Amino acid sequence: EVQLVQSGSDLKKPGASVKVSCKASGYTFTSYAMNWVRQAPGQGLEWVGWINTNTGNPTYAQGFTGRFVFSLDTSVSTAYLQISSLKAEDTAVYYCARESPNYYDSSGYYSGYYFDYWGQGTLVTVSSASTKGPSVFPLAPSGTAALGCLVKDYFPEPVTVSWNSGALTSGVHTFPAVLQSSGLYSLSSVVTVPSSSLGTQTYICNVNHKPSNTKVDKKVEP
Amino acid sequence: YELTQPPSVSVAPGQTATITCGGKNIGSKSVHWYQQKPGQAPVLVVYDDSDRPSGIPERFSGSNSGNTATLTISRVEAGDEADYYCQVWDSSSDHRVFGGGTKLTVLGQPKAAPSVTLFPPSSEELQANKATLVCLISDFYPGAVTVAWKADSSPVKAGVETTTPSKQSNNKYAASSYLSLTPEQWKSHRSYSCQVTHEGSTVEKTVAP
Ligand SMILES: C[As](C)(=O)[O-]
């Protein structure tokens, strides 16, 4: 039962370095090659290179020469990926994958080489942004009316939005965040309500940004 | 060595999808196929042109001859909706190469035009010497949209930030776009428009200072 298990998400500043781990189990680590593949967000798979698990000798794809380093710790059946002088374009999910046939199989030349088992992936985020709590703004409605709230310029993800402390759930679209060129996030939540904006039919959005201890209750009025 | 794949393939459920992978003398190489469902890691679905790893259904097949390799998927289910990638090993360079990938869409519902909501800057934001126009886009199918902003008929490219579409609980998509301006820029025009193009049709909304 082959398993490849990767280290968790990592957030790094431009210029820094990352080390990503890949622990193998359920097979002879030193009998199979380990490959590394990159996937930038919303893009295709890109082969980074392979490492010989018996010698430690790495082979890099074109352009993955210089800042990418493969290494091993065979005693703990673990393979490492290191990326130095990080740039914002290094923001990607990194997968490790076992390759078949193995080193000692004579069928390799004609039948090789495919990635039969993959790790779950490690997201490496490269950003110059610091922790920042958001500003929350009411989005006033102009037989139904839409009202909402804008959760502006925070870092990092996540934030949660609820309406009237949870008591309001029907007609609620909470939209995924946008990443701005500043490196900060923004999102909106909108509620469609029957046009009964009673002088006191209160609509409050509850915003939580846990990484900055932000909790905001905003009344949304016509 | 280059592998060329069509970016997009659409299929009616129960019908058969065909995904091609072109390469000079690809027939002389072993071709493998990976299925990647959203938010998940790739899974090997076909290796050595036509073999299936254990657990992969008989509906998945492949062929490889001359300059084209093909992944065929019979009686397509909603569960088959994913990105498919082909891969080869090059004995000359000792590289493994991936094609650019094909998004497979299983058309499980009719075309739905986006519903668009446009909000002007709030009083609170204007007080903090800032101005954001919020364009909320929902319930569109298929999951692809283009957004353009307009001021006094002119195209606005600066200060625009748009999300990728996202699958909602119903099987429709949502997206949003934000236009950041200074309070003076906001007040300097008669109206601002958010224009959302979906399958060649534009849904437009206007807001005025
Ligand atoms: C039907 As809806 C809540 O996605 O506008």
# chains A, B, ... in the order shown; residues from 1 in each chain; ligands from 1
call {"tool": "closest_atom_pairs", "arguments": {"of": "chain B", "to": "ligand 1", "cutoff": "9 Å", "atoms": "only C-alpha atoms and all ligand atoms", "output": "Markdown table"}}
result
| residue | atom | partner | partner_atom_place_in_ligand_line | distance |
| --- | --- | --- | --- | --- |
| B:115 | CA | ligand 1 | 5 (O) | 7.2 |
| B:138 | CA | ligand 1 | 4 (O) | 5.9 |
| B:139 | CA | ligand 1 | 4 (O) | 5.2 |
| B:140 | CA | ligand 1 | 4 (O) | 8.9 |
| B:168 | CA | ligand 1 | 4 (O) | 7.2 |
| B:169 | CA | ligand 1 | 4 (O) | 8.1 |
| B:170 | CA | ligand 1 | 4 (O) | 7.1 |
| B:172 | CA | ligand 1 | 4 (O) | 7.5 |
| B:173 | CA | ligand 1 | 4 (O) | 8.3 |
| B:174 | CA | ligand 1 | 4 (O) | 8.0 |
call {"tool": "write_last_selection", "arguments": {"atoms": "C-alpha atoms", "output": "compact mmCIF listing (two decimals), in the first residue's frame"}}
result
# COMPACT_ATOMS: atom_id res chain seq x y z
CA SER B 115 -26.84 37.51 -12.67
CA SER B 138 -23.50 34.65 -9.95
CA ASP B 139 -25.35 31.60 -11.35
CA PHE B 140 -23.58 31.28 -14.65
CA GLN B 168 -21.49 27.21 -6.03
CA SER B 169 -23.68 24.61 -4.09
CA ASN B 170 -26.13 24.48 -7.10
CA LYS B 172 -23.50 26.99 -11.19
CA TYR B 173 -20.53 29.42 -10.95
CA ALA B 174 -19.79 32.73 -9.20
call {"tool": "interface_residues", "arguments": {"of": "chain B", "to": "chain A", "cutoff": "9 Å", "atoms": "only C-alpha atoms", "output": "ChimeraX atom specification"}}
result
/B:29-34,40-44,47-48,53,83,85,87-89,91,94-101,117,119-125,134,136,138,160-164,166,168,174-178
call {"tool": "select_by_dssp", "arguments": {"residues": "region 180-217 of chain A", "states": "strand (DSSP E or B)", "output": "compact mmCIF listing (two decimals) with C-alpha atoms, in the first residue's frame"}}
result
# COMPACT_ATOMS: atom_id res chain seq x y z
CA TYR A 185 -7.26 39.99 -0.15
CA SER A 186 -10.81 41.38 -0.41
CA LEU A 187 -14.22 39.66 -0.44
CA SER A 188 -17.92 40.45 -0.38
CA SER A 189 -21.09 38.81 1.03
CA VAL A 190 -24.54 39.70 -0.41
CA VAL A 191 -28.06 38.93 0.86
CA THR A 192 -31.20 39.16 -1.24
CA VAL A 193 -34.11 40.18 1.00
CA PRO A 194 -37.80 40.93 0.30
CA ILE A 204 -25.84 43.01 10.47
CA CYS A 205 -22.92 41.16 8.85
CA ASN A 206 -20.49 39.46 11.29
CA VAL A 207 -16.89 39.41 10.03
CA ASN A 208 -14.07 37.35 11.55
CA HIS A 209 -10.41 37.56 10.57
CA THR A 214 -10.62 41.07 14.02
CA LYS A 215 -14.33 40.63 14.84
CA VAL A 216 -16.66 43.31 13.22
CA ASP A 217 -20.49 43.62 13.33
call {"tool": "select_by_dssp", "arguments": {"residues": "region 11-184 of chain A", "states": "alpha helix (DSSP H)", "output": "number ranges by chain"}}
result
A: 108-111
call {"tool": "atom_distance", "arguments": {"atom1": "CA of residue 108 (chain B)", "atom2": "CA of residue 205 (chain B)"}}
result
28.8 Å
